[PDB]
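Chemist: experimental coordinates for this protein are included below, preceded by the sequence.
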Amino acid sequence: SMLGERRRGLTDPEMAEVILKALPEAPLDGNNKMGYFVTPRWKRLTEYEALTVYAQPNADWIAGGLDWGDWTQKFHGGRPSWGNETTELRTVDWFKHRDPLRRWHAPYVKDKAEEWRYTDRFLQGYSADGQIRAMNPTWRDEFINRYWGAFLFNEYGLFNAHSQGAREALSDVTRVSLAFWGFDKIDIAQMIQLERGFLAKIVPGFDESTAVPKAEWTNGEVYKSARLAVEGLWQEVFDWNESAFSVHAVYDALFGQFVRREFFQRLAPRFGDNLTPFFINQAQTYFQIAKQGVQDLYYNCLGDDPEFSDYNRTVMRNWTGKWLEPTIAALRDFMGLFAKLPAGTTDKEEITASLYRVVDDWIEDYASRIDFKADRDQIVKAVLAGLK
Amino acid sequence: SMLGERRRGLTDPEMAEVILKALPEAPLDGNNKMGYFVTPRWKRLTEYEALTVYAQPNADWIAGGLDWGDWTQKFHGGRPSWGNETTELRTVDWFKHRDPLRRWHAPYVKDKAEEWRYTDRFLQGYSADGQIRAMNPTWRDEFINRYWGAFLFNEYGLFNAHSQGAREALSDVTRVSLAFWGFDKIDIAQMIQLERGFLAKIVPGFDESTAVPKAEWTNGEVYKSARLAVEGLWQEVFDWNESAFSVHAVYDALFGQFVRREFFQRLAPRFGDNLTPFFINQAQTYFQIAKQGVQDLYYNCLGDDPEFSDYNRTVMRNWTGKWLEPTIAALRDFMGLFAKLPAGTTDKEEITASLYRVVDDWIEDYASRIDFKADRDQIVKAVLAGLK
Amino acid sequence: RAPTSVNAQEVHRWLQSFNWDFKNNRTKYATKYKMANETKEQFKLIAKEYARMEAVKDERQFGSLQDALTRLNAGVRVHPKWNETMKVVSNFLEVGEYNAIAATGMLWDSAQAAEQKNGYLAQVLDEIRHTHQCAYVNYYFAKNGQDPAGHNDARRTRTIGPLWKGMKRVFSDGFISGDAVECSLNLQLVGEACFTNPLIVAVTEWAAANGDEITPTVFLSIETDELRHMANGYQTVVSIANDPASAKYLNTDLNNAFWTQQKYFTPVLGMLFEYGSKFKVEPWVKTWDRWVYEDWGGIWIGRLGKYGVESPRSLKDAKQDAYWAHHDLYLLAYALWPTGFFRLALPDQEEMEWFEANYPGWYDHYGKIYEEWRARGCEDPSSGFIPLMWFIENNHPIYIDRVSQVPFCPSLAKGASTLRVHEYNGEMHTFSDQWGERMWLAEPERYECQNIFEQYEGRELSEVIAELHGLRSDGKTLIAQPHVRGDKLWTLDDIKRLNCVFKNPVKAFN
Amino acid sequence: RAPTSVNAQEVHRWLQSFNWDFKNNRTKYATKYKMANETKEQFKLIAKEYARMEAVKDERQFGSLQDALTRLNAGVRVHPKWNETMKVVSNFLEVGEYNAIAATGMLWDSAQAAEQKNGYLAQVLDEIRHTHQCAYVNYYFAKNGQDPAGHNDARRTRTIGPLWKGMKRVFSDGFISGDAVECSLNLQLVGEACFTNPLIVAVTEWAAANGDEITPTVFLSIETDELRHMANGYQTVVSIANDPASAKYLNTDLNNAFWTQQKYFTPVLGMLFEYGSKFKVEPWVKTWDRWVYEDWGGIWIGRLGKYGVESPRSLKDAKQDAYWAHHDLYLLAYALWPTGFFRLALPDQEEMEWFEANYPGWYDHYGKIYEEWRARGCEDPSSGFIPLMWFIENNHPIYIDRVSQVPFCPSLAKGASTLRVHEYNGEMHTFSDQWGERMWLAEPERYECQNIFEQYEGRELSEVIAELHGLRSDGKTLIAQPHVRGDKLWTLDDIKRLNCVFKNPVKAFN
Amino acid sequence: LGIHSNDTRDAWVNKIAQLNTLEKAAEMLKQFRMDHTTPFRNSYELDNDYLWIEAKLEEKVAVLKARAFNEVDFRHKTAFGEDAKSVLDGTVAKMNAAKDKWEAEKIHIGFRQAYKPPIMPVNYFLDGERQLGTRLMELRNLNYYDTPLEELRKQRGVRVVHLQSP
Ligand SMILES: [Ca+2]
Ligand SMILES: [Ca+2]
């Protein structure tokens, strides 16, 4: 029918007449602010906090919780649905964290969607403009279809390292940030793959299979130690925080940033390649985004906890040391990649110049925060101690 | 009050009942498709065509018009609000054009809005990533601030060349395409200034004032003939189609494509500049978007008009010859810029090869569409004389 | 190395400098005024930020339309009379906004200051936005409403009727035909300021009162854009105030532009509101008095007195009419109902009471006429009666103002009812007032719009309707109707049977 | 140079190969099953296409909410009873959606196939989206509704009442505590497939009937994501079907999952629907039978039959206990109204008639009790009466099932009346059915949830409420109420004057 | 003296503050988990606070073990000098050498009661959780329903206080 058969209380005369009649002359409480009891991180409470803070039903025995009593159903053995026993770090409240970018689900998919659609538009223009021409054949079929590609498996690995955090996180704010850090990682990995599928479409003979890039990652010597560090972070760590921390404040800050920002974000162009840099811009924008979250959680919240500050830094310095070594290795095995670069491509003073930038940034944005005394020259020396 | 004073017919019991009572049992016509009478360019009528075609109240005396009679009020002297007299091109129907991207206002500002928010995110990731550190100072302070900067005036001028087409366009579909082609140009000009403004913020001493790039544009040698051509296209052409056609199918397709892609896009990467290429990707995406519409209007609809095909091609060939010379002069003067590059940046062979690319793309995408006999060697040879 | 970016104002600060000097850097359009190249704009926008703020509004708008409003069946639950009114309101506004696209492109061409151009630019795109928005309302009502006819093809069925001609004058030709400045007065300083913003809001009110939540959703969004538009009209005055010619011409153009807008919109907007609705918001007269006389006739006109601007010398005759004009016009629109692309209704019992209450004397004049037409069977397809016949029998010729295109019946009107007939170089011209008549006498070549009687002369009514596609999809039923009920709709054959043949009323003069 | 690009599908095609082999490449969670690493997911999506399709949905949703719905004052024109009901429906579903975030993260870790992980990943993000959507409903009703209290602080005021405990069992702990596969069943296999998915749609029906257009706008959007949650669940049974443990543990985990879920939702949902509304959509009985018996326990489970999946052995039991479950529970929820964060209303005449017509016998039992409580003044603060007192007077103990946390009163219930009490290592335990008892006997350490009577033992009622913030912004008036009218609202003092002190009902057996 | 704040809790707060030794605090935690947690707890007197108390207790032991162990030990040694991995593999051993669900469950619960962090490092603990927990289920869910309630109640050793079924 034109009017349908379902009568709606808002528009149906009879039904709405009944509703209107039952209404109070005025709201029964002037406090129309949901989450009004939440402690604002900023001037006034944000939509992000109202919609996220305390969504997780933790009882008071889990620092920050507002509920009471045990869980209604635990694991065989007695393991709580969520418990303090799933991570070494302690805090006065797990709900202190705040994503500086205040990302709840809506703003997050909105931002990523804009990038996806633009990316589409861009590829269609790149291909139309024929900018592919000015691209060095070698670099294409080698450093991208093999070395860059193989890197996808690295991002995929760090992505999977987030699984446990998604499950074990002790608060809504941390779980949401964690999920976004991991989600951004598989995105990049899928982007790396998207380029290859693209290059395939515009470069006859170009194979989009992961066969080569994977084979290179699984058996190669280029990322050998890199993969070992990954598998370790992903499958050998059972502490959701240690995993997030070590992944974002150590391995990806060092190895990741170098491989992305100091190798491809600094070379692809030289071989007439603005394509790969288009995607690296995304991964880097994502890295900086995720970074602000990692800092607030592990530094602003945990590392500076007014009760467990020392305790937590100790653990983070420890995890830092624990993973600094495997990261350094991964870098060394990577250094052995330049040797495959044609002559003049890049000297040793540069390679050195780049490595030093990473470490300095890493030390400045992470290490110094937990007072992890680091030695730039030694690290660099160690890492650099593996070229040609 | 909680309910308010204004009673709405959709929710007010009394008024809604009166309304529901007056309603017919079913729609008084089953044809619920606005614009059903519009001849679809594709399989089915699109939202783009429905919301756009025939919005322009042209009478039948302006090819394709559905109305009748003279305009109600004309200019002093008698000039019609819109008329055949505003362009040399003729057609069996000015409403035949279709933006292949089917952009009506909503889709247009949506994509641009996406690009805007991402740009902001990118700039933030870029500044936080500290990538500006590895960009060559000379390239930055000289070629970007001055030369890339001066190019904004070129884009601005081309934007302005659309002002009369906005007013005179003989159909809604053309008016809309033309407006968007022009708007994308001022956008690019504003993006060039945005980059300079971004640099002023992350680079101590970088002056965002337009005084320098403006002085380069108005009094330099590198862009002298480009400016002369732009001033001509914008203010010496009164025919709205000559303007749009000569801008996109001659001047910007040769001069514009060379500067944006063969110079800045091609060389920025070599100087550690990943910043400018970001914006150039936008300009190129836009160039390619406009090209599709331009090709549809001038080649598909006009150059292939079943009645004025021969006529329109004669006219467009006439315009191509008319503007090819000033455009060659623009490229010729621009060649001067290469002598200012640091030794070893590029060489005569690369420059020549790049000119051939732009010229070859132009002959393929435009010249050949109207049987304009272009001599690729003749064009390039004429331009190379500008090399110092 | 702290996260940084650049906003719109940060770029806009240098936009004024974008333009440069060169010999031929001048407007391509004729004009008596000189726009200072140092003129600045109110809002500091750039292409991308303009896109973003409009994109945001579209989301809310299209979100509401596609989701909740569609689920609430809002497209259907509107009074039949209002569904019809919107066929006219949205489409006519569509062209006003559309012509404003070219109109501002012309202003953008005229301005020399980069910022003033940029202001107009933001409006060129806005007017495209507005064309598409008005198009969407008609698109939505045709897709989801009670009667898609007219909503679905107004762009071609609008051309059958006489009310459409006047629309192209005030909101089309008047926006782009003439002195750029004159065109800006018709569009902004008077068009928008005096009628269009207050109108848009009024329309949303009438719409809501009549069950329409579609129109408010879209028009309220259009409304938010007008902020930057009011700024364009003001700076236009600023860009030419320090010009000698300004004093000599500004007031004459303003007066003409003012009369041009009022002549058509007063009777037509008033007509669509009071006669094109079931529920009433407020009497058109007071809705007018507030606009034209107070809020604009002094509140808005006085503020610009600091530029030489003055009060419209025709405001007296304009007011001395805004009382009956719409009532005069509905008689004509209804009598000619077969020439439209919408359905009309005779005032009902309650309405007449309202009409008589708010306009004493209404009944003894218009009321009794509608009652007779009812008796004559104007609503019934088998009566063989069309109100036009009544005007013929009673020697009440209907003329079309050569200038404004507004139809008028001097022998039955209560508004400006002063017929003037002239003959010039083998052609007859009919004027309804002294302002339009002066316009024609002074600018003969600007006003040569042929009227429906001239074009339809000797043509049988049904033939015109058929030729111009005034039928529903069944290819038999007329789009236009003399009543808004679901049954007994007039067909092409019903009209043919009347054998109504048009004749040019001015040919009677010797 | 043709314009080209790559879509999600072209990338996902390689997603499976993203994962590689290595020593400890296995799940960190206990599980008796082995998830095949060769398992594929249904939707070939990448993070970017996922975000896009969800963002599009968001636009419409928020667009409707912020624009048209707000313009129509949709947050207010809903029946008082329903405004209250949504405080519970939205927030309780929130925790369910929220815990589902951890559950799928756990499942994602469980899966070894790149695609199975990716599939669960999509839900991780979906569940976060759903948490935020449900949060938004309460946020919107708090901001624009007739009574913000409860909507604005449910996250903490929920902890006062007994109904919240059971919700954590089905949609919180049951979602993440135990075998990953067991949790998967409670979530996707039974929870979503049997209740959530249909529930979500039903909620929109009851909401619409009661004037609430807010919930349909959000829940219908959430609903669109369900197709993937169903996909994940079906994939869970597939990834472990070829494992020998499957034929050894699946069914038990399924039956236990089925009983767990129905135990809570059977009574609660029907209660919320039938008692938290004015206008009804359909009797909860015919709904349950369709959902549980037909669809799920037939069409859905039947399709998994080819994988050894059998019908829950407790299906016969569940149905036999369901008929009066919701009616039995409301008596308890109303009698304990002061412990809630929402206001409840007693059935009016039409409703009592509706209840009797649909559930013969309803009035002689429930109806008369409600009339007794009302005549005695349970709605009036000056009566000094709270129904809990009537239970004490008539020796009708109220127990909390140690497993499902569902309140039950054997001595009064028209439904199940079995009661099993046991002492174990100095602690008493009360059970309401044989399935829950078995779950406890076998897994004593999985169920140690303290009940309200245990935590509030010896505590005076108004003290618990005050301490847990069961008050409105005025610090005196309770959030919860025994009626939904605007006057004669109970204050903390009214409750204190009652001198109601909680007692651990189990001790009466000492 | 209610749900979140009460003398009992206040009591332990002061009672815990007195722990100045890892050994003492570690042992107390152990004895607390033996006295107030799981169905096998020694008493239900703290049923309403033990969870909150235990955490305030894990805290102290957390801080102390920190300011006492060296990195390598904090990651591999329990607050009892026990070699984490040793105990781990040691327990999984007995677990897989369990004859039935009754034996299995007894090991798991004791494991959690003794080595729950900050005793054993979380990494090992949860690794155990996944191994022990898995085995426990496998035994328990095998013919889960075979035994009749009457018999089951006897096996569990519950003291049937009241039964009523119409
Ligand atoms: Ca020169
Ligand atoms: Ca004569």
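Modeler: All right, it came through fine. Numbering: from 1, shown residues only, chains lettered A, B, ... in the order given. Ligands and ions are numbered 1, 2, ... in the order given.

Chemist: near residue A:313, how many other residues are there?
Modeler: 22 (other CB atoms under 10 Å in any protein chain shown). Backbone N, C-alpha and C define where each C-beta goes, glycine included.

Chemist: pretty sure it is touching residue A:373, no?
Modeler: No - with contacts counted by CB atoms under 8 Å, residue A:313 stays clear of residue A:373, the gap being 11.8 Å.

Chemist: for residue A:243, what are its contacts?
Modeler: A:161-162, A:164-165, A:233-234, A:237 (CB atoms under 8 Å, 6 or more residues apart in numbering or on different chains).

Chemist: out of those, grab the one that's most surrounded.
Modeler: residue A:162 (30 neighbours).

Chemist: give me phi/psi at that residue?
Modeler: phi -90, psi -10 (degrees, to the nearest 10).

Chemist: what's the closest non-adjacent residue to it?
Modeler: Nearest non-adjacent residue to residue A:162, counting by CB to CB, 6 or more residues apart in numbering or on different chains: residue A:182, 2.9 Å away.

Chemist: report the central residue of chain C.
Modeler: For chain C, the residue nearest the mean C-alpha position is residue C:167 (4.9 Å; CA atoms, centre = their mean).

Chemist: and the closest residue to residue E:52 other than its chain neighbours, its phi and psi?
Modeler: Distances taken as CB to CB, 6+ apart place residue A:61 nearest to residue E:52, at 4.2 Å, with adjacent residues excluded. With angles defined as degrees, to the nearest 10, residue A:61 sits at phi -70, psi 0.

Chemist: any idea how many residues pack against residue A:61?
Modeler: Neighbours of residue A:61 (other CB under 10 Å): 21.

Chemist: how near is it to chain D?
Modeler: 12 Å (CB to the nearest CB, to the nearest Å).

Chemist: got it, and residue C:312?
Modeler: From residue C:312 over to chain D the distance is 36 Å, taken as CB to the nearest CB.

Chemist: surely that residue and residue C:258 touch.
Modeler: Yes - here residue C:312 reaches residue C:258: they are 4.2 Å apart, a contact under CB under 8 Å.

Chemist: okay, and the common contacts of these two?
Modeler: residue C:318.

Chemist: neighbour count winner among the two?
Modeler: Using other CB under 10 Å as the criterion, residue C:312 and residue C:258 rank with residue C:258 on top: 27 against 23.

Chemist: next up, the contacts around the more buried one.
Modeler: For residue C:258, counting by CB under 8 Å, 6+ apart, the contacting residues are C:185, C:190, C:194, C:312, C:314-315, C:318.

Chemist: so who does the residue positioned nearest the centre of chain E touch?
Modeler: Geometric centre of chain E, nearest residue: residue E:113, 2.3 Å, by CA atoms, centre = their mean. Neighbouring residues of residue E:113 by CB under 8 Å, 6+ apart: E:30, E:33-34, E:37-38, E:40.

Chemist: which stretch of helix or strand covers the nearest residue to residue C:56 once chain neighbours are set aside?
Modeler: Closest residue to residue C:56 apart from its sequence neighbours, by CB to CB, 6+ apart: residue B:113 at 7.6 Å. Assigned by DSSP states H and E, residue B:113 falls within helix B:105-129.

Chemist: go on, residue A:158?
Modeler: Going by DSSP H and E, residue A:158 is part of helix A:149-160.

Chemist: neighbouring contacts of that helix?
Modeler: A:182-183, A:185-186, A:188-190, A:192-193, A:196, A:210, A:212-214, A:216-218, A:220, A:222-223, A:226-227, A:230-231, A:233-234, A:247, A:251-252, A:256, A:259-260, A:283, D:18-20, D:114, D:117.

Chemist: the residue nearest to the centre of chain C: what's it in contact with?
Modeler: Counting by CB under 8 Å, 6+ apart, residue C:167 has contacts C:92, C:95-96, C:158, C:264, C:268.

Chemist: return the subset of those residues lying in helices.
Modeler: The helices, defined by DSSP state H, take in C:92, C:95-96, C:264, C:268 from the contacts of residue C:167.

Chemist: buried subset of those residues as a PyMOL selection?
Modeler: Applied in PyMOL, the following selects the buried portion of those according to 16 or more other CB atoms under 10 Å in any protein chain shown:
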select buried, chain C and resi 92+95+96+264+268
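
Chemist: tell me the one of the ones in helices among the contacts of residue C:167 nearest chain E?
Modeler: residue C:96 (65.6 Å; CB to the nearest CB).

Chemist: next up, the contacts around that closest one.
Modeler: C:167, C:170-172, C:175, C:191, C:196.

Chemist: among these, name the ones in strands.
Modeler: Secondary structure defined by DSSP state E assigns none of those to strands.

Chemist: for residue C:493, grab the count of nearby residues.
Modeler: 12.

Chemist: next, it: secondary structure please.
Modeler: Secondary structure, DSSP: H, G, I helix; E, B strand; the rest coil: residue C:493 is helix.

Chemist: again, but for residue E:162
Modeler: strand.

Chemist: what's the closest non-adjacent residue to residue C:496?
Modeler: Here the residue nearest residue C:496, using CB to CB, 6+ apart, is residue C:462, at 3.9 Å.

Chemist: separation between the one you found and residue B:28?
Modeler: Separation of residue C:462 from residue B:28 (CB to CB, to the nearest Å) stands at 20 Å.

Chemist: hang on, the earlier thing: including distance to residue A:57 and neighbour count, could the contacts of residue E:113 go into TSV?
Modeler: Output for the contacts of residue E:113, formatted as TSV (distance: CB to CB, whole Å; neighbours: other CB atoms under 10 Å in any protein chain shown):
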residue	distance to residue A:57	neighbour count
E:30	29	19
E:33	24	22
E:34	28	15
E:37	21	23
E:38	22	18
E:40	27	16
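
Chemist: for those residues, which one is nearest chain A?
Modeler: For those, the nearest to chain A is residue E:38 (5.5 Å; CB to the nearest CB).

Chemist: enumerate every residue touching the closest one.
Modeler: A:78, D:445, D:448, E:109, E:112-113.

Chemist: and if we set it to 10 Å?
Modeler: Counting by CB atoms under 10 Å, 6 or more residues apart in numbering or on different chains, residue E:38 touches A:77-78, D:425, D:444-445, D:448, E:108-110, E:112-113.

Chemist: circling back: can I get the contacts of residue A:243 in a markdown table including distance to residue C:222?
Modeler: Formatted as a markdown table, the contacts of residue A:243 follow (distance: CB to CB, whole Å):
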| residue | distance to residue C:222 |
| --- | --- |
| A:161 | 51 |
| A:162 | 46 |
| A:164 | 52 |
| A:165 | 48 |
| A:233 | 55 |
| A:234 | 54 |
| A:237 | 57 |
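
Chemist: residue boundaries of the helices in chain E?
Modeler: E:7-17, E:22-36, E:50-66, E:71-76, E:84-96, E:101-115, E:122-140, E:149-156.

Chemist: any chance of JSON lines for these, columns distance to residue A:171?
Modeler: Shown next, in JSON lines, are the helices of chain E (distance: least, CB to CB, whole Å):
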{"stretch": "helix E:7-17", "distance to residue A:171": "22"}
{"stretch": "helix E:22-36", "distance to residue A:171": "24"}
{"stretch": "helix E:50-66", "distance to residue A:171": "15"}
{"stretch": "helix E:71-76", "distance to residue A:171": "24"}
{"stretch": "helix E:84-96", "distance to residue A:171": "27"}
{"stretch": "helix E:101-115", "distance to residue A:171": "23"}
{"stretch": "helix E:122-140", "distance to residue A:171": "17"}
{"stretch": "helix E:149-156", "distance to residue A:171": "36"}
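
Chemist: and of those helices, who's closest to residue C:286?
Modeler: For those, proximity to residue C:286 was assessed by CB to CB; helix E:50-66 is nearest, at 70.0 Å.

Chemist: can you name every helix or strand that the closest one contacts?
Modeler: Applying 3 or more CB pairs under 10 Å, 6 or more residues apart in numbering or on different chains; DSSP states H and E, one finds that helix E:50-66 contacts helix A:309-335, helix E:7-17, helix E:22-36, helix E:71-76.
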